[PDB]
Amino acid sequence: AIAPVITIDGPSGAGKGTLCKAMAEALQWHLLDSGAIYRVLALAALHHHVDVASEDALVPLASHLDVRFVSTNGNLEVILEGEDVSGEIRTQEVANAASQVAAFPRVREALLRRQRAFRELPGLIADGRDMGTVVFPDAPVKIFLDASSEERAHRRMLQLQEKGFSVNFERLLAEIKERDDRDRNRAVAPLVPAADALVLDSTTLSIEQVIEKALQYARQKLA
């Protein structure tokens, strides 16, 4: 309950993950990739044949979901039912399925405790959509990392090409656009910056610049 927390909310592909890892390292604080949980759940639904369009069927899945995260030894390691799925949850599908699953209010609430349990001394950087607005309301440090949707798409495309996957800009743009709209239009706990959240727009800023500003702001408020 009583422990500092830095929330980093923002749309898809805004670089929250990186920014979260970089700050966790610079502060030797714990990390929480909330998206990973939603993605893990969606992967459980697929394996256990649970209808992703059914709130009733997802709830029992959510409350009894056996997940597990291991310390970022250079990377994150997601474990479902004792099986490293770290790569499988990083596909487009799952990502689409996590959005879908994420829309049901009853589901989110059934996951509330698991996320809040990451709040431990000395600190916790929390990456998600509603960390600063629902999950940890009283966070002393709230950042809303964002960009234009065109930029985030270009970055995503360039990242895919690095790994050698075919790409299309138009398509990718429509992929995230849909994703955000869903997470933004959602009647319960939608994407939206907390009033006291610092809006970080990284459109023209390099990666180091983002970290630089994020850390400057954090250290200031946390003394």
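Rigid core: the largest C-alpha set superposing within 1.5 Å between the two forms. For every residue, the number given is its place in the sequence shown, counted from 1.
- Once the structures in 5 other deposited structures of this protein are superposed via the core, the pair 114-122 and 69-77 is resolved in favour of 69-77 as the more displaced stretch (C-alpha RMS).
- Core superposition of the other structures onto this form places the C-alphas of 54-62 farther off in 5 other deposited structures of this protein than those of the other stretch among 152-160 and 54-62.
- Set 163-171 against 193-201 and average the Cα temperature factors; 163-171 ends up higher.
- On average the C-alpha atoms of 174-182 have higher B-factors than those of the other stretch, with 174-182 and 23-31 being the two compared.
- Taking the deposited Cα B-factors for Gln115, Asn73, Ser99, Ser148, the highest one is held by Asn73.
- Comparing C-alpha B-factors across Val78, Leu111, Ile143, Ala126 in the deposited entry, the largest value falls on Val78.
- When the CA B factors of the chain's modelled residues are split into thirds, the value for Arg68 lands in the highest one.
- Ranked against the other modelled residues of its chain, the C-alpha B-factor of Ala223 as given in the entry falls in the highest third.
- For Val40, the recorded CA temperature factor ranks within the lowest third of the chain's modelled residues.
- Among the modelled residues of its chain, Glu120 has a C-alpha B-factor that falls in the middle third, as given in the PDB entry.
- For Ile6, the recorded CA temperature factor ranks within the middle third of the chain's modelled residues.
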